[PDB]
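Undergrad: Chains from the complex, first installment, not repositioned:
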Amino acid sequence: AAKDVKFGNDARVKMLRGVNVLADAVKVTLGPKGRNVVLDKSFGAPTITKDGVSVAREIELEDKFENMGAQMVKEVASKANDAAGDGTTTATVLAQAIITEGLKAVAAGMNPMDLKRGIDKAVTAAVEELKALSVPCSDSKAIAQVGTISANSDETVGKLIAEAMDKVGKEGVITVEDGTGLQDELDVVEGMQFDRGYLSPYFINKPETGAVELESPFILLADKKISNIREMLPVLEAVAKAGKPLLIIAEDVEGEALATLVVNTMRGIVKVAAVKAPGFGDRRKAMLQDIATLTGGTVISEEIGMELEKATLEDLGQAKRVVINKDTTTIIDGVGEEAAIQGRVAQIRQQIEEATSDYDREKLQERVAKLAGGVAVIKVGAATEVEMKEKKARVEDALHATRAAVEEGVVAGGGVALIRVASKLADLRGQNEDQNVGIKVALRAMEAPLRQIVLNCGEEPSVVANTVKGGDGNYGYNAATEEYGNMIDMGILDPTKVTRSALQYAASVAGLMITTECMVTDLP
Amino acid sequence: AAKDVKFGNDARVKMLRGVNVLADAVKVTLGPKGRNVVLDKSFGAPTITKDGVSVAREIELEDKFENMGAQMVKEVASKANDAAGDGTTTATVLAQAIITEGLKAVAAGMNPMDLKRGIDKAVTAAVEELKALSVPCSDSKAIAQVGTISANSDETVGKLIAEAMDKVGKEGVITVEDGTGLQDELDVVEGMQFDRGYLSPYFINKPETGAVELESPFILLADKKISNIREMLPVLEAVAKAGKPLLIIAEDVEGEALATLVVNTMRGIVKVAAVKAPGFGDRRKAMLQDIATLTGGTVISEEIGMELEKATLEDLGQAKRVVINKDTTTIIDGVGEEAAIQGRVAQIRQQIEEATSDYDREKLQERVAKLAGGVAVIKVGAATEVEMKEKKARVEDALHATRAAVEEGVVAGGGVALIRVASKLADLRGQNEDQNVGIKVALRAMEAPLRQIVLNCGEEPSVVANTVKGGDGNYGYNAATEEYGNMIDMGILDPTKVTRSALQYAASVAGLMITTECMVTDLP
């Protein structure tokens, strides 16, 4: 189809206008005094929300060039939230601030490539400065405090997470489920988590989490690329007859097969999700068998001669639950034999002895850590159902935050860390004046999040910004009760990971846009 | 009159557009390979010219805001030509270059006041560097060869000027008029020149030179302001039947009287011109008398109860010729008796001895210098009349250039002095980064005149300018013969005065425009 091609400055203002709509819509939700955004539904009452992520999902623009702008920052900003459980809105307002100033510099005739290198240098320096500014979360007392803070000062939630992490370690897998009564439950069950997500976003049945969630699923273990649906028919009919969902783990599910699965689960008929097997090559064949022994399934491998048309129910594995992310699949409470698993553990442990290198050794150690490790399950209790469901969400929110704090620590929240780190770098220079301007564009943009909060709070951003630039370490502006004196100790914090990720992703996309000279799209 | 008001960016894009039309029209004439501009005369054939001054004069624009732009730089550029005899076109292209870049910086968000200060500092430094680069014109051998160069290698013009300066000093008054035969003539006659021009254009009867030129006029010397024409008629009636022009020297000529004289002279009824008396206060009264002695006239003064209605042809002075600039009146060959002038020269010389103030003594010394010095008259000859009129214009031209050369010396022509002077100021800084941009805006602008010239030649400006920068002192690019060498030796030079004036004036108007936030004009 014939295209619409836009160049240089013309292309760049179109993008800017696009991100401006996305950012202006999203940034009003930022901070404790954030405003409501009303998102229309095709029927019934509109949704009123203060969630920047929900707002971003809906943003799509008529002008195809403007829309490209929006969808670009939208995708990298969402990556911040994927990695850290937070930061999408922050990433978005940072991106806008860099792009706005960056493009002004380009229009002045400064080199876009030098501007990007300056921005990048400033960001690299800033990330290091975040690391030094960071306070660790070692003991379970600190872990509890972070969980508590991330759940509106609910000490029950902090306690729950701390007790869960105590059972499975820092590295361990932790799951949240609906409760069965008034009081909470904590159990460690046979389970595993690997780094592969849904092969189509249309498998999602939990839009709020953006996740697939299947209860009592059957599990298909195929050592091949399933491309045509005709292999699957004997299985798919049997899964439908039994009435349970189906998770497919294989080398890949593509084209004809994936399309048929997507529309069918979308159309109600059988509940199916599909993910790639974890890893590649030989380690991939092994990991399938780990999951097979974990779930009481048989790996259908066309290498032994097994045909997928010939697989029956008994060949399928089983679990109590399965949760799938954009890039995580986790299996909860495997019906796999409580003795076949230790046989598999023994095997791998034995392979560790006869391994001939550091790599081969530690890669086998990953598998036992998964297999013998298991999965912690928190069952959230409450008085009524709505209180139970609401607390589950707060427990899932705090779990993300706490896991993020565990690995990188915490820094002063409400944006005061970004502006704090920015002031540390007032002396940073590049190779030429263009790069220098690039550095300054970043250190200004880093003030965006805070200045916004202060604007939403009906206060003068500049006056606050100054006072914040006057303090040290984690002294800053209490964005809620309007005070000053060590943010972290008074419960206003972000995991360092979320602030770092927000900044890095914003700079990533802002850099790409500043260095964009051409745009190709379809005709209106 | 209801007004049209424009602000900020809107105002200054209009202004820039206006100077763009002016500069683009004018810059094409620059250098040896300058292009033609065709100027329409509503009667007969159009004028084809390479004269940037003639082109500039015609430029007036329909959009009243754009027009303001053009008129602003037109005014300031013309002052360069007034001061130095050349440089209007150069000032214009410099102004365009500074404004274009300056506004780019303003639109980027840099402080216009700091940009101006940066430009000013760069110019002050450049003017200083220009004096260091300058080669003096001390002796009359150098005077001769600068005159020769300014008249297209005509050595006759060179030694005419040299001999004239030899007669009356380097600061003497040298005037030039039509010859009477084949041979040139040089005579020193009783005369004077003072710093007061025509009280109005429209007295201009030499549109080519922009001057008033009166043959054998009478001179009225009035020690008062002339407001109404009522007291003027008896003198006008007396001068009308005498059949000769009249120069009026008064404290001022205003409204009613001036308007009638403007109208009456432009109808052809009587050929009149009016100029303010030189200086002010008590010094004015004496200088009026000085002229009166020189010209053999009587000063009519209110002080001693003298009425203008009673002043006859007797009281009127006489001279062979008078010439009037925008800021200069020159009375040539005054009739006054030798005894009376020498007698008065003796009077002032006595007063110099008696003077009890260094300032008072200096002002007196100045008066004798004019009165005793007289005026050099160059009568220019040729074989035919058209050659005689041509050579005269080449003498006039070279005479202007020679005065400027004697005052401030000569520098490399073809705009290489400006680029050299810039190239030595690379490491010059200001208070902040905006001033630094201001400096770089000036130092890039100084390249414009050369680059333009090189463009008109159909060559790569960037290559030629680059090579010039890599040279020293008065090394450069001979645009006519495309050769690199010593500019002064090869005879491609500007008087330092014209280069300095062009730069200072360009920067003056450019700075004012950059710092403009509002414009007020009439409705279309």
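TA: In hand now; what should we look at? Residues are numbered from 1 along each chain as shown, chains lettered A, B, ... in the order given.

Undergrad: And the residue of chain A closest to chain B?
TA: Closest approach of chain A to chain B (Cβ to the nearest Cβ) occurs at residue A:108, with a separation of 4.1 Å. Using the backbone N, CA and C atoms, a C-beta is placed for each residue, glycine as well.

Undergrad: Tell me which residues touch the closest residue to that residue other than its chain neighbours, please.
TA: Counting by Cβ to Cβ, 6 or more residues apart in numbering or on different chains, residue A:108 lies nearest to residue B:108, which is 4.1 Å off, once chain neighbours are set aside. Residues touching residue B:108, when contacts are defined by Cβ atoms under 8 Å, 6 or more residues apart in numbering or on different chains, comprise A:104-105, A:107-108.

Undergrad: Which of those residues are buried? Put it as a PyMOL command.
TA: To isolate the buried members of these in PyMOL, using 16 or more other Cβ atoms under 10 Å in any protein chain shown:
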select buried, chain A and resi 104+105+108
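
Undergrad: would CSV of the contacts of residue B:108 with secondary structure be doable?
TA: Formatted as CSV, those follow (DSSP: H, G, I helix; E, B strand; the rest coil):
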residue, secondary structure
A:104, helix
A:105, helix
A:107, helix
A:108, coil
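
Undergrad: Format the contacts of residue B:108 as JSON lines; extra columns: distance to residue B:505.
TA: Conversion of the contacts of residue B:108 to JSON lines gives the following (distance: Cβ to Cβ, whole Å):
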{"residue": "A:104", "distance to residue B:505": "31"}
{"residue": "A:105", "distance to residue B:505": "31"}
{"residue": "A:107", "distance to residue B:505": "29"}
{"residue": "A:108", "distance to residue B:505": "26"}
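
Undergrad: wait, which of the contacts of residue B:108 is closest to residue B:382?
TA: Ranked by distance to residue B:382 (Cβ to Cβ), these are led by residue A:108 at 56.8 Å.

Undergrad: So which residues on chain A come close to chain B?
TA: By the rule Cβ under 8 Å from any Cβ of the partner chain, the part of chain A lying against chain B is A:104-105, A:107-109.

Undergrad: quick check, nearest of those to residue A:430?
TA: Nearest to residue A:430, judged by Cβ to Cβ, of the residues of chain A next to chain B is residue A:105 at 13.1 Å.

Undergrad: List the residues that contact the closest one.
TA: With Cβ under 8 Å, 6+ apart, residue A:105 has these contacts: A:115, A:434, A:437-438, A:441, B:108.

Undergrad: Please identify which pair of these lies farthest apart.
TA: Every pair in the contacts of residue A:105 was compared (Cβ to Cβ); the two farthest apart turn out to be A:438 and B:108, at 13.6 Å.

Undergrad: now for chain C, put it on the one above:
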Amino acid sequence: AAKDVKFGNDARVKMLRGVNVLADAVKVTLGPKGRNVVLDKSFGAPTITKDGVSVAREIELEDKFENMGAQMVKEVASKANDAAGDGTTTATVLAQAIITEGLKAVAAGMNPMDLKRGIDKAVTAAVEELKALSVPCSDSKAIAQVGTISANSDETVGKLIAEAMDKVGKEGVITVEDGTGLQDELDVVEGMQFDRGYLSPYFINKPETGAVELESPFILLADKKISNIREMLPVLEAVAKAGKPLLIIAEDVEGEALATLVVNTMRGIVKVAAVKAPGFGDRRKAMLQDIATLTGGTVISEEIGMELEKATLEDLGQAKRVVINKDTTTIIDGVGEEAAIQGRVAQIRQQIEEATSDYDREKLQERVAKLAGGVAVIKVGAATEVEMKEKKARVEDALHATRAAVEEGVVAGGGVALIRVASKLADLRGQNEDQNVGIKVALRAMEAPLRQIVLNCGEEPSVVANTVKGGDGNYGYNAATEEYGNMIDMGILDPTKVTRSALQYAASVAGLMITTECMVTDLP
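TA: Adding chain C to what we have so far:
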């Protein structure tokens, strides 16, 4: 007045379009089979003409930029006719051909200045080649047959001119007027001609030859510039009641005086015409006394204390007739006594052997040649008044053609001389390729006039041009009978002067246009 400004390509397409209308209107009249052009009057019948000059005069265009184009070449082309008595149309079609090709080259990216230099070199070479091709007109037999040819093979006109030139020399002044009967008359009378014409086109009383013609005038000879009518009044009131016209020869007649004279002669009062005196300075004073003697009047000279208010009829000179051109004044049958003129000739001849200077000798010898040469007066007779005027016009037109033929000789007519000369420069190069293209543009253009003639005759321009190029010298295409032989022998010739002038002027304006980058005119 707000202006309309156009640049580069935009400017020059407008300019080209303007010359296209002019040239296309004019070129159709060229050669023996030239077409008619109809020119509309305000009233009565339109004028039908084959005269390219009459057509050119009427051409004026609505688009002010296009009009500039037309007026530019109109001006330059008319100078050819002024110089040679012919060639305006030719100059115009040459100009079109050079411009069309020149701009094509500019639009291709070739340097306009180098193109101009190439054209100029090709023309200089062509003019040189034209002199080599030229056949002289030495004796009066050749003079007769050139006159015969210029008057449509009328041998009477031929030997009239031959006899006139025999009487007054080849450089004598020959004038032609209405006859008094059937027979022609030839008389040498006291007269003069100088290179000054009418000071105002409105003095013209004979629109036919754009000439001022005065029967039995008084001649006022004033050694001064006349600005006011004041001093004229006694002389004018005296000349009015005498009932005779007045010729004023002053240093100059300006402003109020010129305006008054024009308005008065144009309607009602008195019939006057004023011209500048010839030369300048001392020679101007001298030549006035020459005219004074010839016409038997007195010079009224300011210097000796003479006033015009005191002048009388005796001071005025007298002559039978005076004719005044754009460029020439001729005084016929001076009343001044023979004894007076003899003695002035002896005066000047004494100074010839008193002054030792090759220049002063020629200047004095030129004065006696004028004074003692007189003027030949051809009175043209015929059977009918209509025939007389018709024959008179053929004499006037033939006289010009013979004067040019004496000076520079004759070359092949019908546009062969140019093709012949152009084919001899096939090897002429410049300093670069842009110059070489310029050279070819001129050589191709020199084919335009012939090619047009051939087109008018309905033959093929390419074939005919081809055959001429194969021939030598003055062999070529007989533009009427359609054969190939000696062009001069067959009587198809141009004076070399008209071909040379046509080419030089065409190239002059074409070069200027090619090198035009900007145009300024008033708003529509």
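
Undergrad: Residue of the stretch 401-524 of chain A nearest chain C, please.
TA: Among the residues of the stretch 401-524 of chain A, residue A:517 lies nearest to chain C; the distance is 26.3 Å by Cβ to the nearest Cβ.

Undergrad: That residue touches residue A:15, doesn't it?
TA: No - assessed by Cβ atoms under 8 Å, residue A:517 is found out of contact with residue A:15, at 11.4 Å.

Undergrad: Of those two, which one has the most company?
TA: Between residue A:517 and residue A:15, counted using other Cβ atoms under 10 Å in any protein chain shown, residue A:15 has the larger neighbour count: 24 against 11.

Undergrad: What sits closest to residue A:109 if chain neighbours are left out?
TA: Of all residues not flanking residue A:109 in the chain, residue B:104 sits nearest, at 6.6 Å (Cβ to Cβ, 6+ apart).

Undergrad: Would you mind measuring from the one you found to residue B:9?
TA: 12 Å (Cβ to Cβ, to the nearest Å).

Undergrad: who touches stretch A:109-117?
TA: By Cβ under 8 Å, 6+ apart, the surrounding residues in contact with stretch A:109-117 are A:102, A:105-106, A:430-432, A:434-435, A:437-438, A:441, A:511, A:514-515, B:104.

Undergrad: if I pick residue A:65, what's in contact with it?
TA: If you count contacts by Cβ under 8 Å, 6+ apart, residue A:65 has them with A:4, A:6, A:11, A:14-15, A:18, A:519, A:521.

Undergrad: In which helix or strand does it reside?
TA: Applying DSSP states H and E as the criterion places residue A:65 in helix A:64-84.

Undergrad: about what we covered before: any idea how far residue B:518 is from the residue nearest to residue A:109?
TA: The spacing between residue B:104 and residue B:518, counted by Cβ to Cβ, is 20 Å.

Undergrad: Over to residue A:434?
TA: 33 Å.

Undergrad: And these two? Which one has more around it.
TA: More crowded of residue A:434 and residue B:518, by other Cβ under 10 Å: residue A:434, with 21 against 9.

Undergrad: My read is that that one contacts residue A:118, right?
TA: Yes - the pair residue A:434 and residue A:118 qualifies as a contact (Cβ under 8 Å) at a distance of 6.9 Å.

Undergrad: related to what we said a few turns ago, could I have the buried ones of the contacts of stretch A:109-117 as ChimeraX selection syntax?
TA: Isolation of the buried members of the contacts of stretch A:109-117 (16+ other Cβ under 10 Å) is achieved in ChimeraX through the command below:
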select /A:102,105,106,430,434,435,437,438,441,511,514,515 /B:104
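
Undergrad: here's chain D, add it to the model above:
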Amino acid sequence: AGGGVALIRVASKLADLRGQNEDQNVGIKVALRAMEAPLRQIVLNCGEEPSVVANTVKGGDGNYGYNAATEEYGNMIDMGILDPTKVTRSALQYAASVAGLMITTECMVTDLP
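TA: Placed with the earlier chains, chain D looks like this:
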């Protein structure tokens, strides 16, 4: 040598190459100017004056080291900036192929909009 310096270096070698008529000569010069385009663009993308660098490369010999990464001088191939001769040859030949066909195109037929 890469960075577009091969094409420029090869075009400087052919200054004196002439054809059969003046038109073929313009055809020659069109190609020799065109061979500068790649480097000229590379330099434009880096924010340096395409004409200065072009001029500098022209006064060099063989594969003379203009650093397309850091901008400095040694030996182009030896400092790792190169193209296989095949790619530079193929690029030039195919470009000339189609450019030639387009220059000599007088008519175009397509469907109605």
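
Undergrad: ok chain D is loaded, check the contacts of residue A:65 again?
TA: Contact criterion Cβ under 8 Å, 6+ apart gives A:4, A:6, A:11, A:14-15, A:18, A:519, A:521 as the residues in contact with residue A:65.

Undergrad: domain assignment for chain A?
TA: What the record gives for chain A is the domain set A:1-134+A:410-524, A:135-190+A:372-409, A:191-371, from curated CATH domains.

Undergrad: quick one, what contacts residue A:402?
TA: The contact partners of residue A:402, taken as Cβ under 8 Å, 6+ apart, are A:137, A:143, A:146-147, A:150, A:161, A:165.

Undergrad: any idea which element it lies in?
TA: With DSSP H and E as the criterion, the answer for residue A:402 is helix A:385-408.

Undergrad: Would you mind listing the outside residues contacting the helix or strand just after that helix?
TA: Using DSSP H and E, the helix or strand that directly follows helix A:385-408 along the chain is strand A:410-412. Contacts made with strand A:410-412 from outside it, assessed by Cβ under 8 Å, 6+ apart, are listed as A:130, A:133-135, A:137, A:146, A:417, A:420, A:474-476, A:487-488, A:492-496, A:499.

Undergrad: Recalculate using a threshold of 10 Å.
TA: A:130-131, A:133-137, A:142, A:145-146, A:149, A:401, A:404-405, A:417-421, A:468, A:471, A:473-477, A:486-488, A:490, A:492-500 (Cβ atoms under 10 Å, 6 or more residues apart in numbering or on different chains).

Undergrad: Next step: the residues you listed restricted to strands.
TA: Among the contacts of strand A:410-412, the residues falling in strands (DSSP state E) are A:493-495.

Undergrad: Just give me the residue right at the centre of chain A.
TA: Note on chain A: the residue nearest the mean C-alpha position is residue A:82, at 1.0 Å, using Cα atoms, centre = their mean.

Undergrad: Return the residues in contact with residue A:280.
TA: Contacts of residue A:280 by Cβ under 10 Å, 6+ apart are A:251, A:287.

Undergrad: sorry, back to before: quick one, which of the contacts of strand A:410-412 are buried?
TA: A:130, A:133-135, A:137, A:142, A:145-146, A:149, A:401, A:404-405, A:417-421, A:468, A:471, A:474-477, A:487-488, A:490, A:492-500.

Undergrad: Residue A:139 contacts residue A:162, doesn't it?
TA: Yes - if you go by Cβ atoms under 10 Å, residue A:139 and residue A:162 touch, sitting 9.3 Å apart.

Undergrad: which ones are touching residue A:439?
TA: For residue A:439, the set of contacting residues under the criterion of Cβ under 10 Å, 6+ apart consists of A:115, A:117-123, A:125, A:425-426, A:428-430.

Undergrad: rerun at 7 Å
TA: With contact taken as Cβ atoms under 7 Å, 6 or more residues apart in numbering or on different chains, residue A:439 is in contact with A:118, A:121-122, A:428, A:430.
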